[PDB]
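Colleague: I'd like to ask some things about the structure below.
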Amino acid sequence: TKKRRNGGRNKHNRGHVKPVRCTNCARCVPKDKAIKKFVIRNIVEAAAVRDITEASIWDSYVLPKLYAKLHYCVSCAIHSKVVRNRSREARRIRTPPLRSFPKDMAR
Amino acid sequence: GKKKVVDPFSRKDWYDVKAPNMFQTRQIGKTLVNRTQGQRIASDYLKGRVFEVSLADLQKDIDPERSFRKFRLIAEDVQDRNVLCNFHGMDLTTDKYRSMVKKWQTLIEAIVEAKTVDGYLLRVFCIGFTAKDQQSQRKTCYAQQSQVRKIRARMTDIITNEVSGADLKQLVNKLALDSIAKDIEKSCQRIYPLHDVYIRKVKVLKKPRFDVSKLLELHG
Amino acid sequence: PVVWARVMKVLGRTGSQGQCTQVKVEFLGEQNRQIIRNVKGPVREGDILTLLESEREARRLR
Amino acid sequence: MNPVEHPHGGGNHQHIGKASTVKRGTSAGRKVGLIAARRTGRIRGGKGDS
Amino acid sequence: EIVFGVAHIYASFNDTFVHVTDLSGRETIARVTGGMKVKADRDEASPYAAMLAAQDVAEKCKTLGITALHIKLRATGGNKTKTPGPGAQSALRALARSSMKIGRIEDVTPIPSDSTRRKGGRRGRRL
RNA sequence: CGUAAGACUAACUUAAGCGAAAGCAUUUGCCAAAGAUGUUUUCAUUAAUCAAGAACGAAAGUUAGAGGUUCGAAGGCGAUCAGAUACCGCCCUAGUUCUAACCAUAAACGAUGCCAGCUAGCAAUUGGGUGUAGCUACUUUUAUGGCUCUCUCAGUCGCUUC
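Chains as they are written, first to last, in full-length UniProt numbering: chain A, 2 to 108; chain B, 17 to 236; chain C, 4 to 65; chain D, 204 to 253; chain E, 25 to 151.
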């Protein structure tokens with residue numbers, strides 16, 4: 002049976018939409034059927050940051066951030082546990098939650 | 017028939033790079049070149065050096081807040097142990113360009129070409145964004161895709177009035193003020209309220225002539 | 004070498020039960036630069052160890 | 204043809220009998236077949252030189 | 025007193041290239057990568073190999089005496105991973121603790137305006 | 001630092017849009033076409049759907065040229081494995097590329113034919129219209145632009161239960 006009203010995602014008024022490549026897997030999965038992670042990361046862990054701001058000649062030199070987007074195969078995002086096996090009533094929730102912590106995945 | 021013996025840095029002479037009469041300070045840093053010979057002249061193993069340097073490191077803000085604006089210099093002439101390093105472009109740092117792209121807004125580009133009174137045929141990259149006027153709880157503030165082509169029209173005519181503008185001694189002084197970015201902003205807000213405008217890239221794909229008669233008032 | 008090492012916190016038995024109970028080691032000359040090691044051995048607060056390497060940080064705290 | 208009139212001519216069955224790629228300076232009337240050939244066979248590949 | 029190098033940390037997976045140069049990059053000093061230190065083919069990725077073989081360059085830039093320098097992190101992404109590996113900035117805490125004056129840190133991996141085709145083939149890396 | 005070549009158009013990219021469907025993303029010019037909105041415009045039933053028949057039809061495959069980077073069935077090696085014509089790793093061939101034809105199939109899916117009337121909430125957005133001295137950029141405020149809530153068409157999404 003039809004497990005989702007979305008199916009993948011967002012395939013309405015398109016017919017067929019472009020694919021991207023997975024990161025860990027290097028698949029060719031649709032752009033919309035894709036776990037996407039716009040990952041912002043500090044370059045220097047923010048725990049070895051005091052070693053680096055010692056060597057900063059300038060005004061302690063506020064650190065640049067790393068920017069990427071993690072297009073994921075579905076079978077290779079469950080495997081890396083970005084997403085997991087929700088309950089059938091928890092399946093329906095999309096926007097909640099942010100609601101966790103300060104800045105995650107950095108650490 | 018060379019067979020260099022040990023420590024090839026021993027035959028390497030240090031050369032400190034310089035800067036023109038453009039804005040400010042002269043010496044920037046040092047590079048190191050081999051010793052002169054009849055086959056390997058040190059003066060011509062050295063004019064293919066492009067030197068990468070920021071602007072706030074050279075406008076001498078002790079608190080560098082313009083530190084997102086690299087602009088390269090091409091080593092061009094060897095004189096008095098210190099190479100001269102004429103202009104080669106105006107880039108912009110990676111983590112300033114990549115840090116402004118958060119979705120929910122409109123990226124407008126203008127990749128434009130014009131050349132000055134002297135034939136430095138340079139290519140300018142006017143990059144802007146759209147800004148959510150507050151009191152709007154909508155999350156997008158996206159343009160109208162003919163609103164885009166109307167300001168992209170407007171960004172290409174003013175900067176091709178600026179570039180044909182009495183060659184770089186005026187022109188790099190404009191982007192050292194970002195004086196186009198304060199007039200590419202107030203003009204286009206009759207069309208759309210625009211966000212941070214970053215000129216983001218300049219290639220200098222053509223260079224007219226070497227001819228140091230035009231370099232002595234530019235370096236001296 | 005015999006570089007001083009005092010402790011702040013003893014953790015869960017990470018390392019998949021080698022009872023490698025990690026720690027956030029404090030030093031003498033400073034109080035703010037000090038940072039994580041993942042030691043082996045049961046620790047009370049006040050264990051003034053001396054460690055060889057002050058460069059390993061072992062950044063997988065749990 | 205016949206072995207008098209050609210390097211390749213001659214046998215009972217009709218064959219070249221020896222390699223058809225010949226040296227550059229092999230000097231007529233031997234320079235027949237493939238004249239100083241860098242490679243032979245069908246090309247399976249993209250060697251347009253641009 | 026400010027002389028400047030460029031560290032050029034090519035913080036790949038399964039190696040790390042701590043290859044300082046002069047400012048223009050045409051002249052290289054102390055080519056030391058993490059591969060030339062340990063040889064077991066699978067600890068070349070480790071942050072400890074990037075620990076020792078980064079300040080291994082810090083002595084040999086003091087043979088010529090360059091106090092300050094700049095950093096260039098590389099990922100190694102083209103049509104590839106686009107983010108630095110494990111031993112990425114453990115080679116940065118190696119340098120600043122080894123009596124260096126580090127101000128400039130930049131991610132100079134470049135990113136394409138779209139890739140040609142990558143390795144793997146539409147269902148890539150099964151197992 | 002370069003020069004050269006062929007590909008691919010990232011990020012912005014959406015529960016956005018266009019298209020009959022397959023499909024469609026670098027600017028700029030030119031070409032022809034389309035929905036929708038507006039309309040005290042025009043004609044006056046011209047419309048509905050459809051055997052036969054026509055036009056288009058992802059990919060792959062086929063012809064004939066031009067290309068030939070990346071990738072890569074097939075093939076050739078290295079491991080793993082009792083076995084391994086596989087997964088994993090290397091150079092690669094046909095192909096991907098462009099042109100001029102053929103082919104006519106896809107989980108071509110919303111597994112849901114098209115025109116028509118009715119039946120409900122709630123929130124978002126695409127497009128157009130109309131009152132907000134609601135704000136608001138400044139030639140001076142005005143003219144515009146941006147949004148604000150308030151309507152309104154065609155909807156499309158979303159969620160809640162008849």
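Heads up, the beta-carbon is just placed ideally off N, CA and C, and yes, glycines get one too.
Compare the C-alpha of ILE196 (chain B) against each of B:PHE87, B:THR172, B:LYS219 and B:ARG206 and name the closest.
Modeller: It is B:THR172 whose Cα lies nearest to the Cα of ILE196 (chain B).
Colleague: DSSP beta-bridge partners for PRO31 (chain A)?
Modeller: In the DSSP output, where bridge partners are listed per residue, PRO31 (chain A) has A:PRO20.
Colleague: Using the C-alpha atoms, what's the distance from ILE79 (chain A) back to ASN86 (chain A)?
Modeller: C-alpha separation (whole angstroms): 8 Å.
Colleague: Please tell me whether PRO65 (chain A) has its Cβ less than 8 Å away from any Cβ of chain E.
Modeller: Closer than 8 Å to some Cβ of chain E, the Cβ of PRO65 (chain A) qualifies, so yes.
Colleague: Confirm, please, whether the CB-CB distance from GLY127 (chain E) to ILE90 (chain E) is below 8 Å.
Modeller: Not a contact, by the Cβ cut-off of 8 Å.
Colleague: Just confirm the distance between the C-beta atoms of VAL62 (chain E) and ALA73 (chain E), as a whole number of angstroms; I'd bet it's less than 8 Å.
Modeller: 6 Å between Cβ atoms; contact.
Colleague: With distance defined between alpha-carbon atoms, name the residue in A:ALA48, A:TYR62 and A:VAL63 nearest to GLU58 (chain C).
Modeller: The shortest Cα separation from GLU58 (chain C) among A:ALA48, A:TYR62 and A:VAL63 belongs to A:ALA48.
Colleague: Under 9 Å between beta-carbons, which chain A residues line up against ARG62 (chain C)? List them in chain order, please.
Modeller: Within chain A, the residues near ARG62 (chain C) are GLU46, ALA48, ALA49 and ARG108.
Colleague: Taking a cut of 9 Å between CB atoms, which residues from the segment 24 to 58 of chain C lie near chain A?
Modeller: Flagged, chain order: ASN35, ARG36, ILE38 and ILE39.
Colleague: Using a Cβ-Cβ cutoff of less than 7 Å, which residues in the same chain neighbour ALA69 (chain A) once the five nearest sequence positions on both sides are dropped?
Modeller: Taken in chain order, the residues that qualify are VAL40.
Colleague: Rounded to whole angstroms, how far is the Cβ of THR24 (chain C) from the Cβ of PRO45 (chain C), which I believe are closer than 8 Å?
Modeller: Yes, they are in contact, since the Cβ atoms of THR24 (chain C) and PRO45 (chain C) sit about 7 Å apart, within 8 Å.
Colleague: Specify whether the segment 106 to 117 of chain B and the segment 204 to 218 of chain B touch according to this definition: at least 3 beta carbon pairs, one from each stretch, less than 8 Å apart.
Modeller: These segments touch.
Colleague: List the residues that DSSP assigns as beta-bridge partners of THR122 (chain B).
Modeller: Per DSSP, none; premise fails for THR122 (chain B).
Colleague: Would the beta-carbon of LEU119 (chain E) fall within 8 Å of that of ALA92 (chain E)?
Modeller: Not closer than 8 Å, so no.
Colleague: Between which two residues does the beta strand (DSSP E) carrying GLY144 (chain B) extend?
Modeller: Unbroken beta strand (DSSP E) run through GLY144 (chain B): 137 to 144.
Colleague: Where does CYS204 (chain B) sit, in a helix, a strand or coil, going by DSSP?
Modeller: Helix.
Colleague: Just checking, does the segment 75 to 88 of chain B make contact with the segment 106 to 125 of chain B on the three C-beta pairs under 8 Å criterion?
Modeller: The segment 75 to 88 of chain B is in contact with the segment 106 to 125 of chain B.
Colleague: Just to confirm, is the Cβ distance from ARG168 (chain B) to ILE207 (chain B) under 8 Å?
Modeller: Going by C-beta atoms, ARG168 (chain B) is not nearer than 8 Å to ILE207 (chain B).
Colleague: Just to confirm my understanding: we take residue 145 (chain A), look at its own chain, exclude 5 residues before and 5 after, and list those with CB closer than 7 Å. What are they?
Modeller: The question about residue 145 (chain A) has no answer here: the residues shown for chain A are numbered 2 through 108.
Colleague: Going along the chain, which residues of its own chain have a beta-carbon closer than 8 Å to the beta-carbon of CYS85 (chain E), five neighbours each way excluded?
Modeller: Closer than 8 Å at the Cβ level, and outside the excluded window around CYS85 (chain E), lie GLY29, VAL44, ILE53, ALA54 and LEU93.
Colleague: Could you tell me the alpha carbon to alpha carbon distance between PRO4 (chain C) and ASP80 (chain E), rounded to whole angstroms?
Modeller: Computed Cα separation, rounded: 19 Å.
Colleague: Output needed in chain order: residues of the segment 72 to 84 of chain A with a Cβ under 9 Å from some Cβ in chain B.
Modeller: If the cut-off is 9 Å between Cβ atoms, the segment 72 to 84 of chain A has nothing near chain B.
Colleague: Taking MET60 (chain E) as the query, report the chain C residues whose CB atoms sit under 8 Å from its CB, ordered along the chain.
Modeller: Those within 8 Å of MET60 (chain E) in chain C number zero; the least Cβ separation is about 19 Å.
Colleague: Let me know the secondary structure DSSP gives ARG40 (chain C) once reduced to three states.
Modeller: Looking at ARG40 (chain C) - three-state DSSP - the assignment turns out to be strand.
Colleague: Looking at the structure shown, is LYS166 (chain B) part of a helix, part of a strand, or coil, going by DSSP?
Modeller: Helix.
Colleague: Going by CA-CA distance only, name the one from E:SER122, E:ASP65, E:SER48 and E:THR100 that's closest to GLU68 (chain B).
Modeller: Selected option, being the one with the closest Cα: E:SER48.
Colleague: To test your reading of the DSSP string, which unbroken alpha helix (DSSP H) runs of 4 or more residues are found completely within the segment 6 to 42 of chain C?
Modeller: Correct list: 17 to 20.
Colleague: Under 8 Å Cβ-Cβ, which residues of chain E neighbour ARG65 (chain B)?
Modeller: Those within 8 Å of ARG65 (chain B) in chain E are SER48 and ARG50.
Colleague: Using DSSP with H/G/I as helix, E/B as strand and the rest coil, what is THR100 (chain E)?
Modeller: Note: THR100 (chain E) maps to coil in three-state DSSP.
Colleague: Would you kindly check if the distance between the Cβ of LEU137 (chain B) and the Cβ of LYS222 (chain B) is under 8 Å?
Modeller: Yes, they are a contact pair.
Colleague: Would you say the beta carbon of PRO210 (chain D) is closer than 7 Å to some non-hydrogen atom of the ligand GDP?
Modeller: Only the bare structure without any ligand can be found here, which leaves the ligand GDP out of the picture.
Colleague: Specify the secondary structure class of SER229 (chain B) as computed by DSSP and reduced to three states.
Modeller: Three-state result, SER229 (chain B): helix.
Colleague: By the three-class DSSP mapping on this structure, what secondary structure does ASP32 (chain B) have?
Modeller: Strand, per DSSP.
Colleague: Considering only the alpha carbon of each residue, which of B:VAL49, B:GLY64 and B:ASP79 lies closest to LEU71 (chain B)?
Modeller: Answer by Cα proximity: B:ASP79.
Colleague: Measuring only the C-alpha atoms, how far is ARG245 (chain D) from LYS226 (chain D)?
Modeller: Roughly 21 Å between the two C-alpha positions.
Colleague: So, is the C-beta of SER195 (chain B) closer than 8 Å to a C-beta in chain A?
Modeller: Not closer than 8 Å to any Cβ of chain A, the Cβ of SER195 (chain B) fails to qualify, so no.
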